[PDB]
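Student: Handing you this structure, nothing more for now.
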Amino acid sequence: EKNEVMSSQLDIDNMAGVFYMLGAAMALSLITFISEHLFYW
Amino acid sequence: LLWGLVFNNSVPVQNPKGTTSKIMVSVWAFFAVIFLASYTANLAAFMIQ
Amino acid sequence: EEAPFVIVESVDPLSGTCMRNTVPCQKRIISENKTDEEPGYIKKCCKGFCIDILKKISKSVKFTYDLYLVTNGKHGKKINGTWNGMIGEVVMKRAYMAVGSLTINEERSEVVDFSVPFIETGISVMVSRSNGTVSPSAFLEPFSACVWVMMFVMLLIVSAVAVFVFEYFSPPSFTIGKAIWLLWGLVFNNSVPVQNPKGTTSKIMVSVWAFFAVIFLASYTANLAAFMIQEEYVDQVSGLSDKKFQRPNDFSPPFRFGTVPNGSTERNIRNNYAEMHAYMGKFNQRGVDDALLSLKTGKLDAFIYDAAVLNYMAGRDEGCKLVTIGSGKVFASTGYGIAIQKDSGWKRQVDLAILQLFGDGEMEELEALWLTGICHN
Amino acid sequence: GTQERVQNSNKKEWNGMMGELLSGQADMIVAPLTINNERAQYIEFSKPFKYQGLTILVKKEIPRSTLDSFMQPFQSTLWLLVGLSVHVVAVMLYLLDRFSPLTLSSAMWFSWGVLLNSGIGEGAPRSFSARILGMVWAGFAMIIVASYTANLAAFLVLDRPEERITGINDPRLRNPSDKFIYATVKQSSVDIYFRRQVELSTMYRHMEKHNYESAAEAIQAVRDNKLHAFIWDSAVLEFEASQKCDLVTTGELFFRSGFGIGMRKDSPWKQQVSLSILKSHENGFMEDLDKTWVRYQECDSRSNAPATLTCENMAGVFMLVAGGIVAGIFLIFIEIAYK
Amino acid sequence: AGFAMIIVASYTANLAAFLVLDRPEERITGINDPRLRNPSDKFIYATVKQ
Ligand SMILES: *[C@@H]1O[C@H](CO)[C@@H](O)[C@H](O)[C@H]1NC(C)=O
């Protein structure tokens, strides 16, 4: 059968979910910053 | 301080003293060392099969 | 059928006969006594390895046969100058031939002729499979001394660069021991250091030493995780010639090993080993099934029997909790043959036919059908 | 010895030992002579002196991890995308300072410190947004290091070189490649056994172009990487596979027939010699001879463990460090010059 | 320090070499499986009669 002996690399797309998580965290950080700025007005 | 202690370190300022405080962070560090050497093992076992 | 080479199934209940795989063997056993001439005639049908050999021999040699199974005997032991069993039936001019497990030796060859051995059989030990633990030297295995000595010399030259840093620009001195402790800590994930004062070459310099520490440590862990997995191998004993059997008392609480008394293996041992036979008699055991049960419960440490039966028993055992060190190190390796009549004319033809079977490669197929099991891997 | 057609005449005559035994030039054969069927026609082989089989013999190889670099389990795009990613995060942490709720050089030092696990740097962001940003960035320096180590230790685990030939049913043996030279000793029992088979004969056509003129020359050529597999008896291969520590038998014996003293079909010696050998196999005389000559081991246990990382494959990080010292000296001249 | 790190790197390689070799079993394949030609007692398996 199809053997799983594959030296798989981690290409720019094989591991990209972490970057989407970082982008969502940056968006949430901007939202928290604008909320704090509105609260400080 | 506790968020840093689970992702191996950032730059915290710790308990003032007080044996319950230092002890309390020390046993949180012992659950951080096991949690992180268990995720790495589990990630190394999926990537393979 | 006292050996796992020929078996006995009474008869297919579909047609009242047996299939085209076995051959009808007449179980002509005297049941009750000699009161009548009734041989207890119940036509069974035998099959297996010796049966297939016999059926191949008759087609390669033109003859017929009728299996007169057995009467008052198992293999034949000389008692009061009289032979019984297969040898007794052959020597009395009543059988003219015998097949199965004969374990050819000198006493049987004295009065009964023999063909060429078609299978090997000697004295093999059977022990449980010892679990394979990791080597005591494994932490210092996944990295050669070259890597360690360079890492050390790189640490030294980086300390030299740090003591050269003392002549930097305007921005507790930064001594050699402090930098060594800081770099020793940075490779074993952290201790408690005090770092470069400032000075972009100093902070940068420790920062790129930290980048070689992160790669060195995630590479040792990967290499340690790749050895621990693959390597696994161990052996309990080397055979009857090892010091474990020659010197039983010169160890931890001594081993226990015994065979089935009143047999061939016990006779040879007693003939060529006095202290071994004494120690075996000090730990005698029951039949092969009771011996396997004793090996399973951790009561016996090594079982002694013939190679073929032990291999067959270990091939079909539950799981693979049995081992047989055996293989090349078998003692008194005899063979099984077809006991032809003394001074007969069919001996040459039958041994030539056996050698011809051996030539083309059918006996390997017969072994792969009737002699291998689950633990063949 | 075997049967071969003569060059000029029509009748077929035996060769070597068989010919010298038949043609009244020898009364006995005291030598390892595997009992066969084509030889028992004219020879009366006694009971076998020792049992053995036919096994292959290949050379032992160095594990040779072949890592060749450290950024080996990352693909050059991922190593570059992460760097601009440190700075974007650093410049964002710096920009989250002018607005009301940290110093830009120090905020970019802190992103370098949190992802290289270094202890350098001082100060933490004070705004809640930058605090959450650093709180999730820590989570990403650790996903990059835990992911780089599981990928490095799942390519160091699956780095098995190959699977050597086992037995005779291996499909790579029944139909071998062109650059897989392997042969046997001309005029022997293995030759007749391969010439007798059906498909093994279709492979035996291929072996036949090169077969060594003797077992010793074949064992010598196997070490020199000129022969890839040698099929012979196993009493001689076990002695070759022990002394040299670079020869190991991979396959399992598939032709079980031992040697035997063979004299011509009519002689009185034929009867007493089979009893001497049967009687002397039982009283351990053959065991004494085997312990004296045949088996004294000097290399064994077949560790076959994976490769230990050597300084030839892990020199990239040392080059990176040496490189760090050299650029550090130019940076010290810039610091003096900038100061 | 060198020994706190050998204990943690060794505890993680042992944990991730017992999590790698934790395969449950190997299911029956084809018909030449030795476990099918001679099955155990607690291995009930049958077909549709006639
Ligand atoms: C090997 O491990 C199995 C696991 O259950 C255990 O039952 C057995 O007793 C062990 N044997 C030895 C010799 O440690």
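A note on labels: chains of the structure tokens are A, B, ... as shown, every chain counts residues from 1, and ligands are counted from 1 in their shown order.
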Could you write out, as an MDAnalysis selection string, all the residues of range 214-304 of chain C that DSSP marks as strand (DSSP E or B)?
Tutor: chainID C and resid 257:258 302:304
Student: Export, as a short mmCIF file (atom, residue, chain, number, x, y, z; two decimals), in the first residue's frame, the selected residues with N, CA, C and O atoms.
Tutor:
```cif
data_model
loop_
_atom_site.label_atom_id
_atom_site.label_comp_id
_atom_site.auth_asym_id
_atom_site.auth_seq_id
_atom_site.Cartn_x
_atom_site.Cartn_y
_atom_site.Cartn_z
N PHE C 257 15.75 -25.56 34.76
CA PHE C 257 15.57 -26.14 33.44
C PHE C 257 15.44 -27.66 33.52
O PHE C 257 16.24 -28.33 34.17
N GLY C 258 14.42 -28.20 32.86
CA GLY C 258 14.20 -29.63 32.85
C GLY C 258 13.45 -30.04 31.60
O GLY C 258 12.81 -29.22 30.93
N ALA C 302 13.88 -22.41 31.42
CA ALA C 302 14.32 -22.92 30.13
C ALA C 302 13.80 -24.34 29.95
O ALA C 302 13.94 -25.16 30.86
N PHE C 303 13.20 -24.61 28.79
CA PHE C 303 12.70 -25.94 28.46
C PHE C 303 13.59 -26.58 27.41
O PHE C 303 14.08 -25.90 26.51
N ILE C 304 13.80 -27.89 27.54
CA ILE C 304 14.70 -28.64 26.67
C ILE C 304 13.89 -29.71 25.96
O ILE C 304 13.27 -30.56 26.62
#
```
Student: Counting only C-alpha atoms and all ligand atoms, give me one row per residue of chain C with an atom at most 8 Å from an atom of ligand 1, showing the shortest contact pair and its distance in Å to one decimal, sorted by chain then residue number, as JSON lines.
Tutor:
```
{"residue": "C:128", "atom": "CA", "partner": "ligand 1", "partner_atom_place_in_ligand_line": "13 (C)", "distance": 7.7}
{"residue": "C:129", "atom": "CA", "partner": "ligand 1", "partner_atom_place_in_ligand_line": "13 (C)", "distance": 6.9}
{"residue": "C:130", "atom": "CA", "partner": "ligand 1", "partner_atom_place_in_ligand_line": "13 (C)", "distance": 4.6}
{"residue": "C:131", "atom": "CA", "partner": "ligand 1", "partner_atom_place_in_ligand_line": "1 (C)", "distance": 4.9}
```
Student: Suppose we keep C-alpha atoms; can you now write the selection as a PDB file, in the first residue's frame?
Tutor:
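Saved as result.pdb:
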```
ATOM      1  CA  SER C 128      10.472 -16.572  27.333  1.00  0.00           C
ATOM      2  CA  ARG C 129      10.989 -13.407  25.378  1.00  0.00           C
ATOM      3  CA  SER C 130      12.895 -10.924  27.584  1.00  0.00           C
ATOM      4  CA  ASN C 131      11.584  -7.384  27.175  1.00  0.00           C
TER       5      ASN C 131
END
```
Student: Pull out every residue of chain B that has at least one atom within 10 Å of chain C, counting only C-alpha atoms, and report them as a list in words.
Tutor: residues 8, 9, 41 and 44 of chain B
Student: Could you write those residues out with N, CA, C and O atoms, as a PDB file, in the first residue's frame?
Tutor:
```pdb
ATOM      1  N   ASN B   8       7.419  29.125  27.590  1.00  0.00           N
ATOM      2  CA  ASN B   8       8.824  28.983  27.959  1.00  0.00           C
ATOM      3  C   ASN B   8       9.587  30.188  28.502  1.00  0.00           C
ATOM      4  O   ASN B   8      10.539  29.953  29.242  1.00  0.00           O
ATOM      5  N   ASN B   9       9.243  31.437  28.161  1.00  0.00           N
ATOM      6  CA  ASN B   9       9.449  32.636  28.983  1.00  0.00           C
ATOM      7  C   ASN B   9       9.262  33.880  28.131  1.00  0.00           C
ATOM      8  O   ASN B   9       9.651  33.864  26.961  1.00  0.00           O
ATOM      9  N   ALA B  41       5.663  16.111  22.176  1.00  0.00           N
ATOM     10  CA  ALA B  41       5.640  14.679  21.885  1.00  0.00           C
ATOM     11  C   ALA B  41       4.452  14.312  21.003  1.00  0.00           C
ATOM     12  O   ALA B  41       4.591  13.536  20.049  1.00  0.00           O
ATOM     13  N   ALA B  44       5.037  15.562  17.443  1.00  0.00           N
ATOM     14  CA  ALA B  44       6.008  14.697  16.792  1.00  0.00           C
ATOM     15  C   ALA B  44       5.443  13.326  16.446  1.00  0.00           C
ATOM     16  O   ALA B  44       5.901  12.714  15.475  1.00  0.00           O
TER      17      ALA B  44
END
```
Student: Determine which residues of chain E DSSP labels as helix (DSSP H, G or I) from the backbone of this structure, then write them out as a ChimeraX atom specification.
Tutor: /E:2-18,34-37
Student: Compare A:20, A:41, A:3, A:12 by their minimum atom-to-atom distance to chain D, counting only C-alpha atoms, and give me the closest one.
Tutor: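 Of the candidates, the smallest distance to chain D is held by A:12.
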Student: Please tabulate, as a tab-separated table, the residues of chain C that come within 7 Å of chain D, each with its closest pair of atoms and the distance in Å to one decimal, counting only C-alpha atoms and ordering rows by chain, then residue number upward.
Tutor:
```
residue	atom	partner	partner_atom	distance
C:105	CA	D:278	CA	6.5
C:106	CA	D:279	CA	6.0
C:142	CA	D:308	CA	5.0
C:143	CA	D:309	CA	5.6
C:144	CA	D:310	CA	6.0
C:146	CA	D:311	CA	6.1
C:147	CA	D:311	CA	5.8
C:168	CA	D:332	CA	7.0
C:169	CA	D:336	CA	5.6
C:195	CA	D:120	CA	6.7
C:201	CA	D:328	CA	5.4
C:203	CA	D:120	CA	6.9
C:205	CA	D:328	CA	6.6
C:207	CA	D:118	CA	6.3
C:208	CA	D:324	CA	6.5
C:209	CA	D:321	CA	6.8
C:210	CA	D:118	CA	5.7
C:211	CA	D:116	CA	6.1
C:212	CA	D:317	CA	6.0
C:218	CA	D:149	CA	5.5
C:222	CA	D:153	CA	4.1
C:223	CA	D:153	CA	6.6
C:225	CA	D:153	CA	6.8
C:226	CA	D:157	CA	4.9
C:227	CA	D:306	CA	6.2
C:230	CA	D:305	CA	6.8
C:231	CA	D:305	CA	5.4
C:272	CA	D:283	CA	6.4
C:331	CA	D:287	CA	7.0
C:332	CA	D:282	CA	5.4
C:352	CA	D:37	CA	6.6
C:355	CA	D:37	CA	5.1
C:356	CA	D:37	CA	5.3
C:359	CA	D:37	CA	6.3
C:360	CA	D:197	CA	6.6
```
Student: Go ahead and write the residues just picked, N, CA and C atoms, as a JSON list (two decimals), in the first residue's frame.
Tutor:
```json
[["chain", "number", "residue", "atom", "x", "y", "z"],
["C", 105, "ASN", "N", 19.13, -42.53, 14.90],
["C", 105, "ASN", "CA", 20.29, -42.62, 15.77],
["C", 105, "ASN", "C", 21.00, -43.94, 15.46],
["C", 106, "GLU", "N", 21.92, -44.35, 16.34],
["C", 106, "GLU", "CA", 22.69, -45.56, 16.08],
["C", 106, "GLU", "C", 21.92, -46.83, 16.43],
["C", 142, "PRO", "N", 23.16, 10.34, 21.10],
["C", 142, "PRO", "CA", 22.73, 10.97, 19.85],
["C", 142, "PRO", "C", 23.60, 12.13, 19.39],
["C", 143, "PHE", "N", 24.75, 12.32, 20.02],
["C", 143, "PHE", "CA", 25.69, 13.37, 19.62],
["C", 143, "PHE", "C", 27.11, 12.88, 19.85],
["C", 144, "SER", "N", 27.91, 12.88, 18.79],
["C", 144, "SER", "CA", 29.29, 12.43, 18.90],
["C", 144, "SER", "C", 30.14, 13.45, 19.66],
["C", 146, "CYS", "N", 32.69, 14.97, 18.76],
["C", 146, "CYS", "CA", 33.08, 16.11, 17.94],
["C", 146, "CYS", "C", 32.15, 17.29, 18.17],
["C", 147, "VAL", "N", 30.84, 17.04, 18.21],
["C", 147, "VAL", "CA", 29.88, 18.12, 18.41],
["C", 147, "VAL", "C", 30.09, 18.78, 19.77],
["C", 168, "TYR", "N", 34.66, 48.39, 24.04],
["C", 168, "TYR", "CA", 33.58, 48.87, 23.18],
["C", 168, "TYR", "C", 33.41, 50.38, 23.34],
["C", 169, "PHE", "N", 32.25, 50.90, 22.94],
["C", 169, "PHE", "CA", 31.98, 52.33, 22.98],
["C", 169, "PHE", "C", 31.59, 52.75, 24.40],
["C", 195, "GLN", "N", 23.61, 39.70, 32.09],
["C", 195, "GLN", "CA", 23.91, 39.67, 30.67],
["C", 195, "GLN", "C", 24.82, 40.82, 30.26],
["C", 201, "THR", "N", 27.10, 45.40, 19.70],
["C", 201, "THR", "CA", 27.78, 44.11, 19.45],
["C", 201, "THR", "C", 27.57, 43.17, 20.64],
["C", 203, "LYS", "N", 24.96, 42.71, 22.81],
["C", 203, "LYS", "CA", 23.63, 42.05, 22.95],
["C", 203, "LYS", "C", 23.41, 41.15, 21.77],
["C", 205, "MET", "N", 25.70, 39.73, 20.06],
["C", 205, "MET", "CA", 26.57, 38.55, 20.15],
["C", 205, "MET", "C", 25.88, 37.51, 21.02],
["C", 207, "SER", "N", 22.73, 37.32, 21.49],
["C", 207, "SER", "CA", 21.54, 36.83, 20.79],
["C", 207, "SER", "C", 21.89, 35.81, 19.74],
["C", 208, "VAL", "N", 22.95, 35.94, 18.96],
["C", 208, "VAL", "CA", 23.18, 34.83, 18.00],
["C", 208, "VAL", "C", 23.77, 33.63, 18.69],
["C", 209, "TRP", "N", 24.38, 33.74, 19.85],
["C", 209, "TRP", "CA", 24.69, 32.47, 20.55],
["C", 209, "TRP", "C", 23.36, 31.86, 20.95],
["C", 210, "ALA", "N", 22.33, 32.59, 21.36],
["C", 210, "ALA", "CA", 21.06, 31.92, 21.69],
["C", 210, "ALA", "C", 20.53, 31.28, 20.46],
["C", 211, "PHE", "N", 20.69, 31.78, 19.27],
["C", 211, "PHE", "CA", 20.13, 31.04, 18.13],
["C", 211, "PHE", "C", 20.85, 29.73, 17.84],
["C", 212, "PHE", "N", 22.12, 29.64, 18.16],
["C", 212, "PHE", "CA", 22.73, 28.30, 18.01],
["C", 212, "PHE", "C", 22.29, 27.49, 19.20],
["C", 218, "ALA", "N", 17.06, 21.71, 19.95],
["C", 218, "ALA", "CA", 15.93, 21.01, 19.34],
["C", 218, "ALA", "C", 16.52, 20.00, 18.41],
["C", 222, "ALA", "N", 15.38, 15.73, 18.99],
["C", 222, "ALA", "CA", 14.91, 14.95, 17.85],
["C", 222, "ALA", "C", 15.72, 13.68, 17.67],
["C", 223, "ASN", "N", 17.05, 13.78, 17.80],
["C", 223, "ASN", "CA", 17.90, 12.61, 17.63],
["C", 223, "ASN", "C", 17.70, 11.60, 18.76],
["C", 225, "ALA", "N", 14.85, 11.17, 20.41],
["C", 225, "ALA", "CA", 13.55, 10.58, 20.12],
["C", 225, "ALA", "C", 13.59, 9.61, 18.95],
["C", 226, "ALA", "N", 14.50, 9.81, 17.99],
["C", 226, "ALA", "CA", 14.68, 8.84, 16.91],
["C", 226, "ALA", "C", 15.53, 7.65, 17.35],
["C", 227, "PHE", "N", 16.44, 7.73, 18.30],
["C", 227, "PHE", "CA", 17.03, 6.42, 18.70],
["C", 227, "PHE", "C", 16.06, 5.69, 19.60],
["C", 230, "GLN", "N", 13.75, 3.03, 17.46],
["C", 230, "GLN", "CA", 14.06, 1.91, 16.57],
["C", 230, "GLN", "C", 14.78, 0.78, 17.31],
["C", 231, "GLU", "N", 15.89, 1.09, 17.98],
["C", 231, "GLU", "CA", 16.74, 0.05, 18.53],
["C", 231, "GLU", "C", 16.01, -0.74, 19.62],
["C", 272, "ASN", "N", 26.13, -37.59, 28.02],
["C", 272, "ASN", "CA", 27.23, -36.67, 27.76],
["C", 272, "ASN", "C", 27.28, -35.50, 28.74],
["C", 331, "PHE", "N", 22.43, -28.78, 19.44],
["C", 331, "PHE", "CA", 23.27, -29.85, 19.97],
["C", 331, "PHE", "C", 22.70, -31.20, 19.54],
["C", 332, "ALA", "N", 23.57, -32.06, 19.01],
["C", 332, "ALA", "CA", 23.19, -33.39, 18.52],
["C", 332, "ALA", "C", 22.05, -33.29, 17.51],
["C", 352, "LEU", "N", 16.63, -41.43, -3.16],
["C", 352, "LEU", "CA", 16.83, -40.63, -4.37],
["C", 352, "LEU", "C", 15.61, -39.77, -4.66],
["C", 355, "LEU", "N", 15.75, -36.87, -2.24],
["C", 355, "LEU", "CA", 16.73, -35.88, -2.70],
["C", 355, "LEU", "C", 16.22, -35.11, -3.90],
["C", 356, "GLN", "N", 15.44, -35.76, -4.77],
["C", 356, "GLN", "CA", 14.84, -35.06, -5.90],
["C", 356, "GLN", "C", 13.77, -34.07, -5.47],
["C", 359, "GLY", "N", 15.49, -31.24, -4.45],
["C", 359, "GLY", "CA", 16.11, -30.50, -5.54],
["C", 359, "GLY", "C", 15.25, -29.39, -6.10],
["C", 360, "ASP", "N", 13.98, -29.67, -6.40],
["C", 360, "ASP", "CA", 13.13, -28.70, -7.08],
["C", 360, "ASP", "C", 12.56, -27.63, -6.16]]
```
Student: Taking only C-alpha atoms into account, which residues of chain E are within 10 Å of chain B, as a ChimeraX atom specification?
Tutor: /E:8-9,11-22
Student: Write out as a PyMOL selection string which residues come within 10 Å of range 38-42 of chain E when counting only C-alpha atoms, dropping same-chain ones fewer than 6 positions away.
Tutor: chain C and resi 316+318+373-374
Student: Report as an MDAnalysis selection string all protein, DNA and RNA residues lying within 10 Å of residue 196 in chain C, evaluated on only C-alpha atoms, omitting residues in the same chain fewer than 6 positions from it.
Tutor: (chainID C and resid 162 165 173:174 178:179 182 202:206) or (chainID D and resid 120:121)
Student: Between A:16, A:38, A:31, A:5, which residue has the minimum interatomic distance to chain B, considering only C-alpha atoms?
Tutor: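 Using only C-alpha atoms, chain B sits closest to A:5.
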Student: I want to know what sits within 8 Å of residue 256 in chain C, based on only C-alpha atoms, with residues of the same chain fewer than 2 positions away left out; could you give that as a PDB file with N, CA and C atoms, in the first residue's frame?
Tutor:
```pdb
ATOM      1  N   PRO C 254      19.500 -19.484  41.197  1.00  0.00           N
ATOM      2  CA  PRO C 254      19.848 -20.169  39.946  1.00  0.00           C
ATOM      3  C   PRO C 254      18.644 -20.438  39.059  1.00  0.00           C
ATOM      4  N   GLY C 258      14.418 -28.201  32.858  1.00  0.00           N
ATOM      5  CA  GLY C 258      14.196 -29.634  32.846  1.00  0.00           C
ATOM      6  C   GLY C 258      13.446 -30.043  31.599  1.00  0.00           C
ATOM      7  N   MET C 280      18.859 -31.196  35.899  1.00  0.00           N
ATOM      8  CA  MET C 280      17.584 -31.339  35.203  1.00  0.00           C
ATOM      9  C   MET C 280      16.641 -32.250  35.978  1.00  0.00           C
ATOM     10  N   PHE C 283      14.876 -30.602  38.682  1.00  0.00           N
ATOM     11  CA  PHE C 283      13.788 -29.734  38.249  1.00  0.00           C
ATOM     12  C   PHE C 283      12.965 -30.395  37.149  1.00  0.00           C
ATOM     13  N   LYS C 299       7.531 -20.183  36.217  1.00  0.00           N
ATOM     14  CA  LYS C 299       8.060 -21.193  37.125  1.00  0.00           C
ATOM     15  C   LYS C 299       9.319 -21.865  36.598  1.00  0.00           C
ATOM     16  N   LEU C 300       9.391 -22.121  35.296  1.00  0.00           N
ATOM     17  CA  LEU C 300      10.584 -22.660  34.662  1.00  0.00           C
ATOM     18  C   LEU C 300      11.267 -21.574  33.838  1.00  0.00           C
ATOM     19  N   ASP C 301      12.593 -21.661  33.758  1.00  0.00           N
ATOM     20  CA  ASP C 301      13.388 -20.657  33.060  1.00  0.00           C
ATOM     21  C   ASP C 301      13.858 -21.104  31.685  1.00  0.00           C
ATOM     22  N   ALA C 302      13.879 -22.409  31.418  1.00  0.00           N
ATOM     23  CA  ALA C 302      14.320 -22.919  30.126  1.00  0.00           C
ATOM     24  C   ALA C 302      13.801 -24.338  29.951  1.00  0.00           C
TER      25      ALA C 302
END
```
